[PDB]
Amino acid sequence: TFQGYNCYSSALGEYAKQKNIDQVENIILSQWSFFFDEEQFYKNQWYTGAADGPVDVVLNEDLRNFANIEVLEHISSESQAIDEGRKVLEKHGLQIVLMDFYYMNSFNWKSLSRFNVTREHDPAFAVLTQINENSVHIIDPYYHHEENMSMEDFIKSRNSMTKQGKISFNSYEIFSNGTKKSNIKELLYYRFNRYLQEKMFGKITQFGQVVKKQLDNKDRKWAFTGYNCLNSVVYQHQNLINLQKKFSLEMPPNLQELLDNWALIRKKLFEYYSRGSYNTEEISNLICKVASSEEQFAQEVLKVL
């Protein structure tokens, strides 16, 4: 399945790939973004990474501003959602649905030696492929997982209160009003120009400063949330490496090094959360130094791209 850089981009790109809708995948694979929300941090919500969620509104703007591709959010009810489902499958073959991940649990934490696997009410995105009498078939493209789900569990997952808001059978319809094809170099230049002009690198510096100040915070779950959030950043870096190789792009020489830097930050956050360390100072230092390296990189991309 299409990985994207987060749960939302994965679902859009998988839909696009299966229905070969032009430009969606390229606009996702060329995304370059970082955010930090200090208020979400202290409410232990998803507070950093590539984009705010669950819907990547900035990606939705990029789709409309580059390709004239709109994403239309549909809200429904208990009595209507499945009937509307059958009409969408008959017309488009697939439905992108906002789901409570509590009822999915698509990822294997035991693979990373985390056996104390807390079930949380997190918003996620699935692609509905089939509606049966008493069950549905869904793809979780982000966790490369498909499953048949009971109609009861499916309806409940789509009507659940999550830590990032209330789901009401939300579905997301892509349609091109007239697709404009973009060169990969154009897509990357806009992203890297915006990244510098909005000083997105400064949000990495903020993140680093807030990590330093958790020195004497007995609660460590911010580190687990951070670990999960930064997966999107690792993916963007990997996506650019794949674009570089596929299109033979000119990149600054330290792109693999920056990915390695982000992988290390994630490793140290995971180790801190799982009580393998006591080094908030060391993690803040790494975040504040990759902030400088990401700024330098972005500036060199505009020159050599």
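In case it trips you up, residue 1 is the first one in the sequence shown, and so on.
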item: Per the entry, higher mean C-alpha B factor between 25 to 33 and 271 to 279; value: 271 to 279
item: 184 to 192 versus 116 to 124 - which carries the larger mean C-alpha B factor in the record; value: 116 to 124
item: Out of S171, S168, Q209, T225, highest CA B-factor residue; value: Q209
item: Highest recorded Cα temperature factor - choice among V97, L94, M151, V233; value: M151
item: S10, C-alpha B-factor rank within chain (lowest, middle or highest third); value: lowest
item: Third of chain Cα B-factors occupied by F66; value: middle
item: For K199, the third of its chain into which the C-alpha B factor falls; value: middle
item: Assigned third (lowest, middle, highest) for the C-alpha B factor of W46; value: highest
item: Ranked against its chain, the third holding the CA B-factor of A16; value: lowest
